[PDB]
Amino acid sequence: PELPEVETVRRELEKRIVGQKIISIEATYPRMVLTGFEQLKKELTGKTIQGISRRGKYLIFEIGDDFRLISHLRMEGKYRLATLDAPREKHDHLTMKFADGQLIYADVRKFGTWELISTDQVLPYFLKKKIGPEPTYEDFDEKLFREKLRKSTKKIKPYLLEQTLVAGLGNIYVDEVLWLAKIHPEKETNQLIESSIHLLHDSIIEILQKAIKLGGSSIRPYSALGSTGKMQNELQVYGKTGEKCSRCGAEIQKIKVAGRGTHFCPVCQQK
DNA sequence: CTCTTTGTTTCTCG
DNA sequence: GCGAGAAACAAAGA
Ligand SMILES: [Zn+2]
């Protein structure tokens, strides 16, 4: 998932599990707890979930008064709230059991991670990750963005995917943003003029906020939290290879850019 | 059978 | 430092 999908999960978890006491924690794949599963089980069993926050694509469970469970869903991670008698599914890895249900984490590719850290370690954790600003008008300063783009010869799509200029774009929304801002994904960032950078800055905020409002993009239907999204119906280029650009009628093309499938309109996004 | 592809991140290599 | 390529892993499609 990307930031809008993680935010959608965050909001659903906030509504449903805040106030829940963790009765037990079980793992069939304990190695995805990078801080140690048995340590996490000992520390968190019996504690109450107080909140759920997000930074970039990271989910943050606030548990007890001093614990923060940092969860990254990577490519395929999925949470669901299930009955206590729910049958195991093949790629379920972890569960937090409450009195009236359980929160199960599944991840086909086993890429997702859990890390248990303390409250005062959260800000240093993300500083060490070098995560850039949240994609909001308040936090995403166009002036610093412009200065960083001016200094670099990196290509704009890979640079945006780094999470350092701004947090939260992945392959879907970076392709969507670059189409909206009429920028080719291989454009070296020091070639972007001020007006293009301004449009890019605003487009990043606008499409991620739109995606949040619509509950994220569900490319396939799934049975988990954050799976009732509608933003997939608004995608203009991602996965639209061979379909016509909604602005100019040219066929959307797919190329490979720094190892990633990349969808663009060759007319609207001049090389 | 092989090769490629996939919502992410983070590594080695030269 | 940099880019290119690949790995962590599993499944589906060509
Ligand atoms: Zn076009």
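Computed over heavy atoms, backbone and side chain alike; hydrogens, waters and symmetry mates excluded. Throughout, protein chains are lettered first and strands after them, A, B, ... in sequence-line order, and every chain is numbered starting at 1.
One interatomic measurement links the two molecules: NZ of A/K256 to P of B/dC3, which rounds to 15 Å at whole-angstrom precision. Look at CG on A/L3: it is 11 Å from P on B/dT9, rounded to the nearest Å. Across the protein-nucleic acid pair, A/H263 atom NE2 and B/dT5 atom P stand 11 Å apart, rounded to whole Å. One atom, CD1 of A/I70, and another, P of B/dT8, lie 18 Å apart when rounded to the nearest Å. Between the CG atom of A/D107 and the P atom of B/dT9 there is a distance of 13 Å, given to the nearest Å. Between A/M75 atom CE and B/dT5 atom P there is a gap of 13 Å when expressed in whole angstrom units. One can place CD1 of A/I172 at 12 Å from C1' of B/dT8, the figure rounded to the nearest angstrom. Going from atom CD of A/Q163 over to atom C1' of B/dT9 covers 9 Å, rounded to whole Å.
Separating the P atom of C/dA11 from that of B/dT9 is a span of 23 Å, rounded to the nearest Å. For C/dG3 and B/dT6, the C1' atoms lie 22 Å apart once the distance is rounded to whole Å. Comparing B/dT8 with C/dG1, their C1' atoms are spaced 23 Å from each other, to the whole Å.
Phosphate contact (OP1/OP2 of B/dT4, side-chain N/O of A/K254, threshold under 4.0 Å): absent. The phosphate of B/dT9 has OP1 or OP2 within less than 4.0 Å of a side-chain N or O from A/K57.
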What side-chain donor-acceptor pairs closer than 3.5 Å can you find for residues 176-185 of chain A, not counting sequence neighbours?
residue : atom : partner : partner atom : Å
A/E176  : OE1  : A/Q236  : N            : 2.8
A/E176  : OE2  : A/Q236  : N            : 3.1
A/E176  : OE2  : A/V237  : N            : 2.9
A/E176  : OE2  : A/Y238  : N            : 2.9
A/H184  : ND1  : A/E186  : N            : 3.0

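By the ring pair (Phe, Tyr, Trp, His ring centres under 6.0 Å) test, A/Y79 pairs with A/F61, A/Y105, sequence neighbours left out.
In this structure, A/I172 and A/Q232 have side chains that are not in contact, with every pair of non-hydrogen atoms separated by 4.5 Å or more. Here the side chains of A/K78 and A/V9 are not in contact, with every heavy-atom distance at 4.5 Å or above.
Ring geometry for A/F126 versus A/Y58: interplanar angle over 60°, hence perpendicular rather than tilted (30 to 60°). Taking the six-membered ring for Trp and thresholds of 30 and 60 degrees, A/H91 and A/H93 have ring planes more than 60 degrees apart, a perpendicular arrangement.
Searching all strands for a Watson-Crick or G-U wobble partner of C/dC9 with both distances below 3.5 Å returns nothing.
Side-chain polar atoms of A/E142 and A/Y137 form no donor-acceptor pair below 3.5 angstrom.
Close approach of DNA chain C to chain A, defined as any atom under 4.0 Å from a non-hydrogen atom of the protein, starts and stops at C/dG3 to C/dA11.
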